[PDB]
$ cat upload30.tsv   # TSV, N, CA and C atoms
chain	number	residue	atom	x	y	z
A	184	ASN	N	13.65	9.18	16.62
A	184	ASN	CA	14.47	9.40	15.44
A	184	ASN	C	14.61	8.11	14.63
A	185	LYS	N	14.87	6.99	15.31
A	185	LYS	CA	14.98	5.72	14.63
A	185	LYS	C	13.66	5.34	13.97
A	186	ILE	N	12.54	5.54	14.68
A	186	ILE	CA	11.23	5.21	14.12
A	186	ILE	C	10.98	6.02	12.85
A	187	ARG	N	11.23	7.33	12.92
A	187	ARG	CA	10.99	8.20	11.77
A	187	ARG	C	11.91	7.85	10.61
A	188	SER	N	13.19	7.57	10.90
A	188	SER	CA	14.13	7.25	9.83
A	188	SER	C	13.75	5.96	9.12
A	189	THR	N	13.40	4.92	9.89
A	189	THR	CA	13.01	3.66	9.25
A	189	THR	C	11.65	3.76	8.58
A	190	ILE	N	10.79	4.68	9.02
A	190	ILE	CA	9.53	4.91	8.30
A	190	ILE	C	9.79	5.60	6.97
A	191	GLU	N	10.67	6.61	6.97
A	191	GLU	CA	10.94	7.36	5.75
A	191	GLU	C	11.70	6.53	4.73
A	192	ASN	N	12.72	5.78	5.18
A	192	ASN	CA	13.51	4.98	4.25
A	192	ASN	C	12.70	3.83	3.67
A	193	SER	N	11.70	3.34	4.40
A	193	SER	CA	10.91	2.22	3.93
A	193	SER	C	10.02	2.62	2.76
A	194	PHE	N	9.77	1.67	1.87
A	194	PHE	CA	8.86	1.85	0.76
A	194	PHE	C	7.43	1.42	1.10
A	195	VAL	N	7.19	1.01	2.34
A	195	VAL	CA	5.87	0.56	2.78
A	195	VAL	C	5.08	1.77	3.26
A	196	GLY	N	3.76	1.68	3.15
A	196	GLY	CA	2.88	2.78	3.51
A	196	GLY	C	2.56	2.86	4.99
A	197	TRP	N	3.51	3.34	5.78
A	197	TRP	CA	3.31	3.55	7.21
A	197	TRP	C	2.90	4.99	7.46
A	198	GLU	N	1.81	5.18	8.19
A	198	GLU	CA	1.23	6.51	8.44
A	198	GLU	C	1.20	6.75	9.94
A	199	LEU	N	2.13	7.58	10.43
A	199	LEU	CA	2.15	7.95	11.83
A	199	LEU	C	1.09	9.02	12.10
A	200	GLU	N	0.30	8.81	13.15
A	200	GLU	CA	-0.78	9.72	13.52
A	200	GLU	C	-0.41	10.38	14.85
A	201	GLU	N	0.33	11.48	14.76
A	201	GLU	CA	0.71	12.31	15.91
A	201	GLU	C	1.64	11.57	16.87
A	202	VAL	N	2.32	12.33	17.73
A	202	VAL	CA	3.21	11.78	18.75
A	202	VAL	C	2.76	12.31	20.10
A	203	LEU	N	2.54	11.40	21.04
A	203	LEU	CA	2.11	11.76	22.39
A	203	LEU	C	3.33	11.84	23.30
A	204	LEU	N	3.54	13.00	23.90
A	204	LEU	CA	4.68	13.23	24.78
A	204	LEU	C	4.25	13.86	26.10
A	205	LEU	N	3.05	13.50	26.58
A	205	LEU	CA	2.57	14.03	27.84
A	205	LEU	C	3.41	13.52	29.00
A	206	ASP	N	3.67	14.40	29.97
A	206	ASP	CA	4.49	14.08	31.13
A	206	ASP	C	3.60	13.83	32.33
A	207	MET	N	3.77	12.66	32.96
A	207	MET	CA	2.98	12.30	34.13
A	207	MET	C	3.54	12.89	35.42
A	208	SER	N	4.73	13.48	35.39
A	208	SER	CA	5.32	14.08	36.58
A	208	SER	C	4.80	15.49	36.85
A	209	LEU	N	4.04	16.07	35.93
A	209	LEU	CA	3.52	17.42	36.12
A	209	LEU	C	2.37	17.41	37.12
A	210	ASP	N	2.06	18.60	37.63
A	210	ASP	CA	1.00	18.78	38.61
A	210	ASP	C	-0.21	19.44	37.95
A	211	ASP	N	-1.40	18.96	38.31
A	211	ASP	CA	-2.69	19.45	37.82
A	211	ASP	C	-2.87	19.25	36.32
A	212	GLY	N	-1.99	18.49	35.68
A	212	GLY	CA	-2.09	18.17	34.27
A	212	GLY	C	-2.84	16.90	33.97
A	213	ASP	N	-3.48	16.29	34.97
A	213	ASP	CA	-4.20	15.03	34.75
A	213	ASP	C	-5.35	15.21	33.78
A	214	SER	N	-6.07	16.33	33.88
A	214	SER	CA	-7.17	16.59	32.95
A	214	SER	C	-6.65	16.73	31.52
A	215	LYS	N	-5.52	17.43	31.35
A	215	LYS	CA	-4.93	17.55	30.02
A	215	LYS	C	-4.49	16.19	29.49
A	216	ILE	N	-3.90	15.36	30.35
A	216	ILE	CA	-3.48	14.02	29.93
A	216	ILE	C	-4.68	13.19	29.50
A	217	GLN	N	-5.78	13.28	30.26
A	217	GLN	CA	-7.00	12.56	29.88
A	217	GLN	C	-7.54	13.07	28.55
A	218	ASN	N	-7.49	14.38	28.33
A	218	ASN	CA	-7.95	14.94	27.06
A	218	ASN	C	-7.12	14.43	25.89
A	219	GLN	N	-5.79	14.40	26.06
A	219	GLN	CA	-4.93	13.88	25.00
A	219	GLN	C	-5.18	12.39	24.76
A	220	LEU	N	-5.39	11.63	25.83
A	220	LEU	CA	-5.69	10.20	25.68
A	220	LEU	C	-7.00	9.99	24.94
A	221	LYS	N	-8.01	10.80	25.24
A	221	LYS	CA	-9.29	10.69	24.54
A	221	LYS	C	-9.15	11.08	23.07
A	222	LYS	N	-8.34	12.11	22.79
A	222	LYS	CA	-8.17	12.56	21.41
A	222	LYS	C	-7.51	11.50	20.54
A	223	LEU	N	-6.50	10.81	21.08
A	223	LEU	CA	-5.74	9.84	20.31
A	223	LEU	C	-6.33	8.45	20.47
A	224	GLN	N	-6.62	7.79	19.35
A	224	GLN	CA	-7.17	6.43	19.37
A	224	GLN	C	-6.79	5.76	18.06
A	225	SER	N	-5.82	4.85	18.12
A	225	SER	CA	-5.35	4.13	16.95
A	225	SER	C	-5.28	2.63	17.25
A	226	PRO	N	-5.49	1.79	16.23
A	226	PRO	CA	-5.39	0.34	16.46
A	226	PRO	C	-4.04	-0.11	16.98
A	227	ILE	N	-2.96	0.51	16.51
A	227	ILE	CA	-1.60	0.15	16.91
A	227	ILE	C	-0.94	1.38	17.52
A	228	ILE	N	-0.39	1.22	18.72
A	228	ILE	CA	0.26	2.31	19.44
A	228	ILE	C	1.46	1.76	20.19
A	229	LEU	N	2.58	2.48	20.12
A	229	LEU	CA	3.78	2.14	20.85
A	229	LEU	C	3.91	3.02	22.09
A	230	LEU	N	4.58	2.49	23.11
A	230	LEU	CA	4.70	3.16	24.40
A	230	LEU	C	6.16	3.20	24.83
A	231	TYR	N	6.54	4.31	25.47
A	231	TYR	CA	7.89	4.49	26.00
A	231	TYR	C	7.77	5.21	27.34
A	232	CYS	N	7.73	4.44	28.42
A	232	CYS	CA	7.60	4.99	29.76
A	232	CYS	C	8.20	4.01	30.76
A	233	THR	N	8.44	4.51	31.97
A	233	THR	CA	9.00	3.69	33.03
A	233	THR	C	7.96	2.69	33.54
A	234	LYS	N	8.44	1.73	34.34
A	234	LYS	CA	7.55	0.73	34.92
A	234	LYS	C	6.55	1.35	35.89
B	457	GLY	N	21.80	22.91	-29.42
B	457	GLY	CA	20.43	22.61	-29.78
B	457	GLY	C	19.45	23.57	-29.13
B	458	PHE	N	18.22	23.07	-28.95
B	458	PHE	CA	17.13	23.89	-28.42
B	458	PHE	C	17.44	24.37	-27.00
B	459	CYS	N	17.62	23.44	-26.07
B	459	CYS	CA	17.80	23.81	-24.67
B	459	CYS	C	19.04	24.68	-24.48
B	460	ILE	N	20.08	24.45	-25.28
B	460	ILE	CA	21.29	25.26	-25.18
B	460	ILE	C	21.00	26.71	-25.51
B	461	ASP	N	20.23	26.95	-26.58
B	461	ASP	CA	19.85	28.32	-26.93
B	461	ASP	C	18.99	28.93	-25.83
B	462	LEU	N	18.12	28.12	-25.21
B	462	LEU	CA	17.31	28.61	-24.11
B	462	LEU	C	18.18	29.08	-22.94
B	463	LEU	N	19.20	28.30	-22.59
B	463	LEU	CA	20.06	28.70	-21.49
B	463	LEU	C	20.93	29.90	-21.86
B	464	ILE	N	21.32	30.01	-23.13
B	464	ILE	CA	22.04	31.21	-23.57
B	464	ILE	C	21.15	32.44	-23.43
B	465	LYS	N	19.87	32.31	-23.80
B	465	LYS	CA	18.93	33.41	-23.62
B	465	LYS	C	18.75	33.75	-22.15
B	466	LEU	N	18.74	32.73	-21.29
B	466	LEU	CA	18.70	32.98	-19.85
B	466	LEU	C	19.93	33.75	-19.39
B	467	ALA	N	21.10	33.42	-19.94
B	467	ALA	CA	22.34	34.04	-19.50
B	467	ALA	C	22.35	35.54	-19.76
B	468	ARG	N	21.84	35.97	-20.92
B	468	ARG	CA	21.90	37.37	-21.31
B	468	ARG	C	21.02	38.27	-20.45
B	469	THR	N	20.25	37.72	-19.52
B	469	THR	CA	19.44	38.52	-18.61
B	469	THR	C	19.64	38.10	-17.16
B	470	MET	N	20.72	37.39	-16.86
B	470	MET	CA	21.00	36.95	-15.50
B	470	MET	C	22.44	37.15	-15.05
B	471	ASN	N	23.38	37.38	-15.96
B	471	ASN	CA	24.78	37.68	-15.62
B	471	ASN	C	25.40	36.55	-14.79
B	472	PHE	N	25.49	35.38	-15.43
B	472	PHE	CA	26.09	34.22	-14.79
B	472	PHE	C	26.72	33.32	-15.85
B	473	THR	N	27.71	32.53	-15.42
B	473	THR	CA	28.44	31.64	-16.30
B	473	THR	C	27.84	30.24	-16.25
B	474	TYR	N	28.53	29.27	-16.86
B	474	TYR	CA	28.08	27.89	-16.92
B	474	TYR	C	29.23	27.02	-17.41
B	475	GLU	N	29.23	25.76	-16.96
B	475	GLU	CA	30.19	24.75	-17.44
B	475	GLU	C	29.42	23.44	-17.57
B	476	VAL	N	29.06	23.09	-18.81
B	476	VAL	CA	28.19	21.94	-19.04
B	476	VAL	C	28.89	20.65	-18.62
B	477	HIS	N	28.16	19.81	-17.89
B	477	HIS	CA	28.63	18.49	-17.50
B	477	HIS	C	27.56	17.47	-17.90
B	478	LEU	N	27.88	16.63	-18.88
B	478	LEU	CA	26.91	15.65	-19.34
B	478	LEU	C	26.78	14.51	-18.33
B	479	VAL	N	25.64	13.81	-18.40
B	479	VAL	CA	25.34	12.78	-17.42
B	479	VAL	C	26.37	11.66	-17.48
B	480	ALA	N	26.60	11.03	-16.33
B	480	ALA	CA	27.48	9.88	-16.21
B	480	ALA	C	26.71	8.56	-16.13
B	481	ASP	N	25.40	8.58	-16.38
B	481	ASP	CA	24.59	7.38	-16.34
B	481	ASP	C	23.70	7.19	-17.56
B	482	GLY	N	23.38	8.24	-18.30
B	482	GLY	CA	22.55	8.12	-19.49
B	482	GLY	C	21.12	7.69	-19.22
B	483	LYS	N	20.49	8.24	-18.19
B	483	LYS	CA	19.12	7.86	-17.86
B	483	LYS	C	18.46	9.00	-17.09
B	484	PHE	N	17.13	9.00	-17.12
B	484	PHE	CA	16.37	9.98	-16.35
B	484	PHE	C	16.37	9.63	-14.86
B	485	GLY	N	16.22	8.35	-14.54
B	485	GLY	CA	16.29	7.92	-13.16
B	485	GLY	C	15.00	8.10	-12.39
B	486	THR	N	14.58	7.07	-11.67
B	486	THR	CA	13.38	7.14	-10.85
B	486	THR	C	13.68	6.68	-9.43
B	487	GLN	N	12.64	6.52	-8.61
B	487	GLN	CA	12.81	6.05	-7.24
B	487	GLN	C	13.10	4.56	-7.26
B	488	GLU	N	14.31	4.18	-6.88
B	488	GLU	CA	14.74	2.79	-6.90
B	488	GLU	C	15.44	2.45	-5.60
B	489	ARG	N	15.47	1.16	-5.28
B	489	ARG	CA	16.11	0.69	-4.06
B	489	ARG	C	17.62	0.91	-4.13
B	490	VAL	N	18.22	1.10	-2.95
B	490	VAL	CA	19.66	1.36	-2.87
B	490	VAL	C	20.50	0.12	-3.06
B	491	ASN	N	19.88	-1.05	-3.21
B	491	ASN	CA	20.55	-2.33	-3.43
B	491	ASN	C	21.46	-2.73	-2.28
B	492	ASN	N	21.33	-2.09	-1.12
B	492	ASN	CA	22.11	-2.45	0.05
B	492	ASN	C	21.20	-2.66	1.25
B	493	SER	N	20.07	-1.96	1.27
B	493	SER	CA	19.09	-2.07	2.34
B	493	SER	C	17.72	-1.78	1.75
B	494	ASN	N	16.74	-1.51	2.61
B	494	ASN	CA	15.39	-1.19	2.17
B	494	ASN	C	15.23	0.27	1.75
B	495	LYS	N	16.27	1.09	1.91
B	495	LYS	CA	16.18	2.49	1.54
B	495	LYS	C	16.08	2.65	0.03
B	496	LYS	N	15.28	3.63	-0.40
B	496	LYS	CA	15.11	3.94	-1.81
B	496	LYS	C	15.92	5.19	-2.14
B	497	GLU	N	16.71	5.12	-3.21
B	497	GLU	CA	17.62	6.19	-3.58
B	497	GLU	C	17.39	6.58	-5.03
B	498	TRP	N	17.80	7.81	-5.35
B	498	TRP	CA	17.67	8.32	-6.70
B	498	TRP	C	18.86	7.89	-7.55
B	499	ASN	N	18.58	7.45	-8.76
B	499	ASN	CA	19.59	7.07	-9.73
B	499	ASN	C	19.42	7.93	-10.98
B	500	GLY	N	20.27	7.67	-11.97
B	500	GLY	CA	20.13	8.34	-13.25
B	500	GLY	C	20.38	9.83	-13.14
B	501	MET	N	19.42	10.62	-13.63
B	501	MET	CA	19.63	12.05	-13.81
B	501	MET	C	19.53	12.81	-12.49
B	502	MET	N	18.38	12.71	-11.82
B	502	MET	CA	18.10	13.58	-10.68
B	502	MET	C	19.06	13.37	-9.51
B	503	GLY	N	19.66	12.18	-9.40
B	503	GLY	CA	20.65	11.97	-8.35
B	503	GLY	C	21.88	12.84	-8.54
B	504	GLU	N	22.30	13.05	-9.79
B	504	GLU	CA	23.42	13.94	-10.06
B	504	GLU	C	23.13	15.35	-9.55

$ encode --input "upload30.tsv" --output "structure tokens"
Amino acid sequence: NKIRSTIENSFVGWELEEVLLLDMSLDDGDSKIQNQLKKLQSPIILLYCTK
Amino acid sequence: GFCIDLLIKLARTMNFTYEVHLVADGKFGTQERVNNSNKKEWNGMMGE
């Protein structure tokens, strides 16, 4: 929410390319996670996950 | 004037009232900074 709000309020040309919310705690979803990782490829990417 | 007659013509086929309120800024207004942060806010006409 903070990222989106500061992107919208800003006058700078920031272009968000999709949001990745894959869960690593799921079972048998490793192939889906790999597919999503392959699909998404950007020079700059932020991460929000545990250690 | 012109636009007033247009809205009167609109009224006779829409069954609604009106209370004219003239602008309090005297401008059309464009996308401008809020002068408090980086946010851009509407001024002039469209903000009203």

$ closest_atom_pairs --input "upload30.tsv" --of "chain A" --to "chain B" --cutoff "12 Å" --atoms "only C-alpha atoms" --output "tab-separated table"
residue	atom	partner	partner_atom	distance
A:188	CA	B:495	CA	9.8
A:189	CA	B:495	CA	8.4
A:190	CA	B:495	CA	9.8
A:191	CA	B:495	CA	8.3
A:192	CA	B:495	CA	4.5
A:193	CA	B:495	CA	5.8
A:194	CA	B:496	CA	7.1
A:195	CA	B:494	CA	9.7

$ atom_distance --input "upload30.tsv" --atom1 "atom CA of residue B:485" --atom2 "atom C of residue B:501"
5.9 Å

$ select_by_dssp --input "upload30.tsv" --residues "chain B" --states "strand (DSSP E)" --output "PDB file with N, CA and C atoms, in the coordinates of the input"
ATOM      1  N   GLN B 487      12.640   6.520  -8.610  1.00  0.00           N
ATOM      2  CA  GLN B 487      12.810   6.050  -7.240  1.00  0.00           C
ATOM      3  C   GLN B 487      13.100   4.560  -7.260  1.00  0.00           C
ATOM      4  N   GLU B 488      14.310   4.180  -6.880  1.00  0.00           N
ATOM      5  CA  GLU B 488      14.740   2.790  -6.900  1.00  0.00           C
ATOM      6  C   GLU B 488      15.440   2.450  -5.600  1.00  0.00           C
ATOM      7  N   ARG B 489      15.470   1.160  -5.280  1.00  0.00           N
ATOM      8  CA  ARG B 489      16.110   0.690  -4.060  1.00  0.00           C
ATOM      9  C   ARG B 489      17.620   0.910  -4.130  1.00  0.00           C
ATOM     10  N   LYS B 496      15.280   3.630  -0.400  1.00  0.00           N
ATOM     11  CA  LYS B 496      15.110   3.940  -1.810  1.00  0.00           C
ATOM     12  C   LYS B 496      15.920   5.190  -2.140  1.00  0.00           C
ATOM     13  N   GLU B 497      16.710   5.120  -3.210  1.00  0.00           N
ATOM     14  CA  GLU B 497      17.620   6.190  -3.580  1.00  0.00           C
ATOM     15  C   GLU B 497      17.390   6.580  -5.030  1.00  0.00           C
ATOM     16  N   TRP B 498      17.800   7.810  -5.350  1.00  0.00           N
ATOM     17  CA  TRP B 498      17.670   8.320  -6.700  1.00  0.00           C
ATOM     18  C   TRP B 498      18.860   7.890  -7.550  1.00  0.00           C
TER      19      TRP B 498
END

$ select_by_dssp --input "upload30.tsv" --residues "chain A" --states "helix (DSSP H, G or I)" --output "PyMOL selection string"
chain A and resi 185-192+213-222

$ atom_distance --input "upload30.tsv" --atom1 "atom CA of residue A:228" --atom2 "atom N of residue B:490"
28.7 Å

$ decode --input "upload30.tsv" --residues "stretch 467-485 of chain B" --atoms "N, CA, C and O atoms" --output "tab-separated table (two decimals), in the first residue's frame"
chain	number	residue	atom	x	y	z
B	467	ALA	N	-32.61	21.30	-18.85
B	467	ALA	CA	-33.56	21.17	-17.75
B	467	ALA	C	-34.94	20.76	-18.24
B	467	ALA	O	-35.60	19.92	-17.61
B	468	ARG	N	-35.39	21.32	-19.36
B	468	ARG	CA	-36.75	21.07	-19.85
B	468	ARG	C	-36.96	19.64	-20.33
B	468	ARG	O	-38.08	19.30	-20.71
B	469	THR	N	-35.91	18.80	-20.34
B	469	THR	CA	-36.05	17.40	-20.72
B	469	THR	C	-35.41	16.48	-19.69
B	469	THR	O	-35.13	15.31	-20.00
B	470	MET	N	-35.16	16.97	-18.48
B	470	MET	CA	-34.55	16.16	-17.44
B	470	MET	C	-35.21	16.28	-16.07
B	470	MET	O	-34.96	15.42	-15.22
B	471	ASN	N	-36.03	17.30	-15.83
B	471	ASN	CA	-36.78	17.46	-14.59
B	471	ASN	C	-35.84	17.51	-13.38
B	471	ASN	O	-35.86	16.65	-12.50
B	472	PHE	N	-35.02	18.56	-13.36
B	472	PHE	CA	-34.09	18.77	-12.25
B	472	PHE	C	-33.84	20.26	-12.08
B	472	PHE	O	-33.98	21.05	-13.02
B	473	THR	N	-33.45	20.63	-10.86
B	473	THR	CA	-33.19	22.02	-10.51
B	473	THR	C	-31.70	22.34	-10.65
B	473	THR	O	-30.92	21.54	-11.18
B	474	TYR	N	-31.30	23.51	-10.17
B	474	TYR	CA	-29.91	23.97	-10.24
B	474	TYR	C	-29.75	25.19	-9.35
B	474	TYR	O	-30.69	25.97	-9.18
B	475	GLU	N	-28.54	25.36	-8.82
B	475	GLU	CA	-28.17	26.55	-8.05
B	475	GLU	C	-26.74	26.91	-8.44
B	475	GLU	O	-25.79	26.28	-7.96
B	476	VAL	N	-26.59	27.92	-9.29
B	476	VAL	CA	-25.29	28.25	-9.85
B	476	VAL	C	-24.34	28.72	-8.75
B	476	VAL	O	-24.70	29.54	-7.90
B	477	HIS	N	-23.12	28.19	-8.77
B	477	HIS	CA	-22.06	28.63	-7.87
B	477	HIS	C	-20.83	28.95	-8.70
B	477	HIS	O	-20.22	28.05	-9.29
B	478	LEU	N	-20.47	30.23	-8.76
B	478	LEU	CA	-19.33	30.63	-9.56
B	478	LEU	C	-18.02	30.24	-8.87
B	478	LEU	O	-17.97	30.01	-7.66
B	479	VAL	N	-16.96	30.14	-9.67
B	479	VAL	CA	-15.68	29.65	-9.16
B	479	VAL	C	-15.14	30.58	-8.08
B	479	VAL	O	-15.39	31.79	-8.08
B	480	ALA	N	-14.40	30.00	-7.14
B	480	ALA	CA	-13.73	30.75	-6.09
B	480	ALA	C	-12.24	30.93	-6.36
B	480	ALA	O	-11.50	31.35	-5.46
B	481	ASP	N	-11.78	30.60	-7.57
B	481	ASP	CA	-10.37	30.76	-7.93
B	481	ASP	C	-10.14	31.47	-9.25
B	481	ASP	O	-9.05	32.01	-9.45
B	482	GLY	N	-11.12	31.50	-10.15
B	482	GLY	CA	-10.96	32.19	-11.42
B	482	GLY	C	-9.93	31.58	-12.34
B	482	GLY	O	-9.15	32.32	-12.96
B	483	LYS	N	-9.89	30.26	-12.45
B	483	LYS	CA	-8.91	29.60	-13.30
B	483	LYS	C	-9.44	28.23	-13.71
B	483	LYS	O	-10.31	27.66	-13.05
B	484	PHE	N	-8.90	27.72	-14.82
B	484	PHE	CA	-9.24	26.38	-15.26
B	484	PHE	C	-8.57	25.32	-14.40
B	484	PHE	O	-9.18	24.29	-14.08
B	485	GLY	N	-7.30	25.53	-14.05
B	485	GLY	CA	-6.61	24.62	-13.16
B	485	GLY	C	-6.04	23.40	-13.86
B	485	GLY	O	-6.74	22.75	-14.64
